[PDB]
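Protein sequence lines correspond, in order, to chains G, Z, D, E and H. Numbering-wise (the numbering used here), the first sequence opens with residue 1 and increments by one. Numbering-wise (the numbering used here), the second sequence opens with residue 418 and increments by one. Numbering-wise (the numbering used here), the third sequence opens with residue 518 and increments by one. Numbering-wise (the numbering used here), the fourth sequence opens with residue 618 and increments by one. Numbering-wise (the numbering used here), the fifth sequence opens with residue 877 and increments by one. Working notes for the structure below.
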Amino acid sequence: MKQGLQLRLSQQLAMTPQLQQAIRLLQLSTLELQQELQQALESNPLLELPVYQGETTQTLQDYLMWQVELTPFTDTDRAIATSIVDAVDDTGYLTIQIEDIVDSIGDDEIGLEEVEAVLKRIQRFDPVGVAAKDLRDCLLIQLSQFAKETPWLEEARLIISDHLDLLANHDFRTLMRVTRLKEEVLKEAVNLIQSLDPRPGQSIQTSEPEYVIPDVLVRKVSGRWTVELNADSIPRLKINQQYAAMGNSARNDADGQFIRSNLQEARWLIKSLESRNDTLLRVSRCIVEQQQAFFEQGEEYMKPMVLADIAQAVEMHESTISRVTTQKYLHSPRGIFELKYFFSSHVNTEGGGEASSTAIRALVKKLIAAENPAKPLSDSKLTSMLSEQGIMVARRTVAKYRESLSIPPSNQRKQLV
Amino acid sequence: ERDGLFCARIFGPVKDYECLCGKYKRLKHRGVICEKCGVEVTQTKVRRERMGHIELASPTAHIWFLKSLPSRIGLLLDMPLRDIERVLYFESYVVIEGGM
Amino acid sequence: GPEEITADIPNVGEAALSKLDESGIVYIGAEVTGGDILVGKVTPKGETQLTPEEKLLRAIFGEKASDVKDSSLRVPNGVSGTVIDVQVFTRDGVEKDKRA
Amino acid sequence: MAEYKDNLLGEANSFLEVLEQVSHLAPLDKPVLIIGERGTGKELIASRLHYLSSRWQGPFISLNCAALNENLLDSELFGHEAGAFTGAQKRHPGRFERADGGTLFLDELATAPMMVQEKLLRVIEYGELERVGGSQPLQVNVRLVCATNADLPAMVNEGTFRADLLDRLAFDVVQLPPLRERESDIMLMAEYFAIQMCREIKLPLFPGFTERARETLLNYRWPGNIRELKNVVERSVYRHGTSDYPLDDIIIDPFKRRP
Amino acid sequence: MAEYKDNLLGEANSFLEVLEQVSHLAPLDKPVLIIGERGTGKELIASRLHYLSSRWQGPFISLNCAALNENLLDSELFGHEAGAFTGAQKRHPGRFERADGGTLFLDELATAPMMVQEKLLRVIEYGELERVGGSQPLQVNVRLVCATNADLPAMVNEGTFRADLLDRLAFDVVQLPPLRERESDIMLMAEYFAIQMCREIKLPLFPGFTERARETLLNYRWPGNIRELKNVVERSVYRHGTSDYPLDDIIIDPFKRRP
DNA sequence: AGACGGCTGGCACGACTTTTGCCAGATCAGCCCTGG
DNA sequence: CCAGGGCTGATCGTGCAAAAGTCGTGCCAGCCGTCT
Ligand SMILES: Nc1ncnc2c1ncn2[C@@H]1O[C@H](COP(=O)(O)OP(=O)(O)O)[C@@H](O)[C@H]1O
Ligand SMILES: Nc1ncnc2c1ncn2[C@@H]1O[C@H](COP(=O)(O)OP(=O)(O)O)[C@@H](O)[C@H]1O
Ligand SMILES: [Mg+2]
Ligand SMILES: [Mg+2]
């Protein structure tokens, strides 16, 4: 039972460089594909009233500059105000700090007190609490703005002054014993703080556009939806008849060989592109077949799958399917997702079955959301009722799902009723 | 896009002082050009004042001349517009020189 | 993400949302003038950054996270009237149907 | 650095002298060799020698020359690179390279065949080794510790051992006194093992020792110095099984019939 | 190549002759055989012999004739090409190919297997070598240096050594004298070694020897030329442990009865 | 006020997935040259 | 003038495997709630 150089065949393989190019041709999205396809089209010669003058809109910075133009500053104050308002984000909080602004001005005469005077002058502009250094001096401006007649104002000012972490950690008991403040009569003061419009500069303009492009289409024909490719998005190449009908006529060997080689390259490229489209269509049809339940019933009713499960259903390889299913967005009546989004890790449940990770994550989302606000549900209890459902995932996986879901811990979301 | 229509490094910067890459984004930089992307840090109103050019490797005629009521090329060469037009589209093969 | 009509509109007063139902659309018979809100629609924004500022804002206030922007349907300026009836259309496969 | 005393019992007379001698060997970086009868607790001192060293944090690995697969001997001794021969899917660390800054335990040098002697003859003096199917050589620094059972000078004259390797590993030799000659700590070793065994059988307490048992202890030749004394104490105390009285009889051989 | 000092403390007439002969043979290209007794600085000579030549800048690689495997013997000697067998995945250089321009220093040639003996002769004579699965002949030039302690004229008569392999390798053999022939220089060696050893063990300064210790170290057989004097002096000074009075205790053999 | 229990997160360890990086050759058919 | 040989180019081919990466689940440390 030895070390010896031995040899026995059971496999086969072969490949050429242009075949490598053709097999990497299907790894990339269509919009990025069209660039390289246009590049090859440029090289190969035998291959191949409207609304205008929109309106100008008023953003936050333009509005603030407009208001600066009608306020009585000096020239130096105007330059400082222009710099300050230039250093303003969409949310309404200035990005760079005051000493950075002073350095940007770069004047010996200019001082921190002068810059503070100008900034506080422009703090009272139409979006209240705009151009604030951080959250601490944005809520305070509006609290000071509100008339003294409304109650709990002093309480709200005391909390917002130097108890910001005390409120952020939702540690109401320590907040009480720190402030010496009233029991459950602080709730309306906290609510007053809540109703204070954080991020005030956002509301100057809120238009967001629609940017969706579908690669694969699925439609419900009264059960067992059939999948079609995007006719407009798909690329296509057509041979050129003029140049295909002049390779034989040419009597020069150079021209003849040139046309022959370019014909060969163009036909190979067309064949490779058609094969890529066919492979993508077949893969999409098979994955939609194996995911018919989820489209009907929702994310939490998703069967876990691996690339092996979808590769065995076809004659392609796991690597081939992995290359095809990158940067492909399929459109469904429920919405737009990615082909790579369907594949997920599996966890074993009670009764021998397995549940998909994304399904359990969505179930955790809805279960956590539908909870009493006074008593939060922790990760251990989440594991407990998941085991009652029969899923029995570990508390570590529960915590990982909750963290990836961006929900803060249970002790962090506790709040007064 | 990079080196195309509606591009940066030509036609000026984009909506604000920030460069395309993301670095060098403030009024503190007033005329500098980033290294990862060549974008002058100036106002975006300059985007309507900066023009580019196309090399056009092969020469090309100008249709405003040689196709107005008089033809400027025709009057310069004493050559009629019909032959000018036939030569300007690769079916006439005019002679340049040759005295021998 | 999909846009939703949930009447959870940020940067707005309680007086503006007085005429809106739970789903976010006006009651039948309400009188509306000028620039009041008819349908409360929100458009999702990018994912909240890990930055401590946004983390603090979420911990303090919550439920906004700058996830949504106020792109609601408002009555055009100088238009006043009383709402006769509304009509809502939902595509197949979508079963939101808040009050549809 | 800590004490690393581990298990130390029955220390008196020449055994204490041996411990005193070996106490200062650890700082040195010269090969050491231990001579002793089979089962004379030689490994205990060899292990403690590594811990008493300044670089006690070095990993400790042990090989027994009596157990070397002749087919895999070279690969185990040096180390094999990836793809050097068929079936080598990944690069595998060799035993010599496995310990760097840590000692290597060698055993049964008296049973080392000429083949292993020649293969290992050079890696010691210069600390230089090249892996089988290797392109470039590696250099390491390891303190070798060896244990044996026979008369290496006698095997040298007999011709089955190489004097070159012997003097390569003959800086100093530690002679462990056999317990049947010391005769000064037999009571202490026996009683210690008795307490351990009676404790682990969850019995209340251990009774004394019978005078007749002491009488018959010294008479026995004791081929097993401290490897069969522990065993006989354990088996005899198990046989008794009670704290009733000091055990009169010691079951020196288990093969003896019950009647 | 201009300046090379390291070790070589011994200074006698017998050593002078061989060290001067090495200087003559160093520029020459022909291979040399280094015969001698165990532990006589054979590596020190071979190393200096190569590095004093005109090809010092070339690579210097050594190997043990016994260490390398018998199964992968040919691959170790020559190397293999990618795809020759299942395991192989890239072209692999052999020792003869890595040692181009430089030297190949075989160690303990007397223990080389019959397989190596019948493998090496044809390539060593002329310079032709075929890589495993190769397509065309390869030609490299390697100055050969070999050293062993055995008696080749007697070995060839026994028949475990190839006659022609010895014949095409034994041009101008080099013989070193045993330690007993140096006479006076052993005191210089002992003084040097003791100084280094006491430096290592942190004692301040050597106190010197005595006339008794001098006579004892002078008059003894010295079966091992060197690496035995080093060991004996370093063990004696270690057992001394202090420099209040001169070094007098001499311990030629660690193998002794318990004190 | 201190200890006990509990909650959460970083790090580690098998077990399993998925991602990229490989780089021709032989074999067959029609045309041209040449023998019968 | 018809049949045999040579020669050149046209044609075929989307998988294997190795290593990086990801997964689930445990172990341990540090902060917090609560009763004594
Ligand atoms: N000083 C000691 N006191 C008590 N027991 C010892 C002492 N030294 C060694 N032993 C015991 O001797 C037993 C065998 O040790 P050893 O002979 O080194 O094993 P090996 O057969 O591997 O050489 C160990 O189980 C150990 O408990
Ligand atoms: N002339 C010398 N000066 C100093 N040290 C020497 C001399 N000759 C031999 N040695 C010592 O001998 C050792 C080399 O042993 P060596 O004789 O090469 O072993 P082998 O005989 O197995 O080749 C070195 O550690 C070196 O310190
Ligand atoms: Mg043992
Ligand atoms: Mg040697």
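Note that CB positions come from ideal geometry on N, CA and C, so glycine has one too.
Residue i: contacting residues in chain G (beta-carbon distance under 8 Å)
i                      : result
D:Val611               : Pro333, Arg334
residue 665 of chain D : Shown here, chain D extends from 518 to 617; a query on residue 665 of chain D therefore has no answer.
Within chain H, partners of residue i - CB distance below 7 Å
i                      : result
residue 956 of chain E : Chain E is shown only over 618 to 876; residue 956 of chain E falls outside these bounds and no answer can be derived.
Alpha carbon of residue i to alpha carbon of residue j, nearest angstrom
i        : j         : result
E:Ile741 : H:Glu1104 : 15 Å
E:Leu796 : E:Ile803  : 7 Å
G:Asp255 : G:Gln242  : 14 Å
Z:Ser485 : Z:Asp495  : 16 Å
G:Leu13  : G:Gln327  : 28 Å
D:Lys615 : D:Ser540  : 6 Å
E:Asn686 : H:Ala1089 : 48 Å
D:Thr568 : E:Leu746  : 53 Å
Z:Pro476 : Z:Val504  : 14 Å
Contact check, residue i vs residue j, beta carbons under 8 Å
i         : j         : result
G:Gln205  : G:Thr59   : yes
H:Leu1081 : H:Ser1112 : no
G:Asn240  : G:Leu47   : yes
H:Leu1041 : H:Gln993  : yes
G:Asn230  : G:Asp215  : yes
G:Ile391  : G:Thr325  : no
E:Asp784  : H:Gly1009 : no
E:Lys736  : H:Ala943  : yes
H:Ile937  : H:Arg998  : no
G:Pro376  : G:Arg413  : yes
Beta-carbon proximity list for residue i, same chain, < 7 Å, skipping 5 on both sides
i         : result
E:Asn681  : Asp724, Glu725
H:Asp1125 : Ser1112, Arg1115, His1116
H:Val894  : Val1050, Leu1052
G:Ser380  : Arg395
G:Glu69   : none
Residue-chain proximity (residue i, chain G), Cβ-Cβ < 8 Å
i        : result
H:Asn947 : yes
E:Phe695 : no
E:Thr777 : no
Z:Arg443 : yes
D:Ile601 : no
H:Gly963 : yes
D:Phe578 : yes
Neighbourhood of residue i by C-beta distance below 8 Å, restricted to the same chain and skipping five residues each side
i        : result
G:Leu164 : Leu135, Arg136
H:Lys906 : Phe1047, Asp1048
G:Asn44  : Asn262, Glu265, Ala266, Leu269
Residue-chain proximity (residue i, chain H), Cβ-Cβ < 8 Å
i        : result
G:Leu7   : yes
E:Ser631 : yes
Same chain, Cβ closer than 6 Å to residue i, five either side skipped, listed in chain order
i        : result
H:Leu925 : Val898, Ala902
G:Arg285 : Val227
H:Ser890 : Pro1053, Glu1057
Contact list for residue i against chain E, beta-carbon separation under 7 Å
i        : result
G:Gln11  : Residues of chain E passing the Cβ test: none, with the nearest at roughly 15 Å.
H:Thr987 : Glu735
Test: residue i CB closer than 8 Å to a CB of chain D
i        : result
G:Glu208 : yes
Contact list for residue i against chain H, beta-carbon separation under 8 Å
i                      : result
residue 418 of chain G : The requested residue 418 of chain G is not part of the displayed model; chain G covers only 1 to 417.
Where residue i meets chain E, residues with beta-carbon distance less than 8 Å
i      : result
G:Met1 : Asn688
Contact set between residue i and chain E, taken where Cβ atoms lie within less than 9 Å
i         : result
H:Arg1019 : Going along chain E, no residue has its Cβ under 9 Å from H:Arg1019, so there is no contact; the nearest lies around 19 Å.
Within chain G, the residues that residue i reaches when beta carbons sit closer than 7 Å
i        : result
D:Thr560 : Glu208
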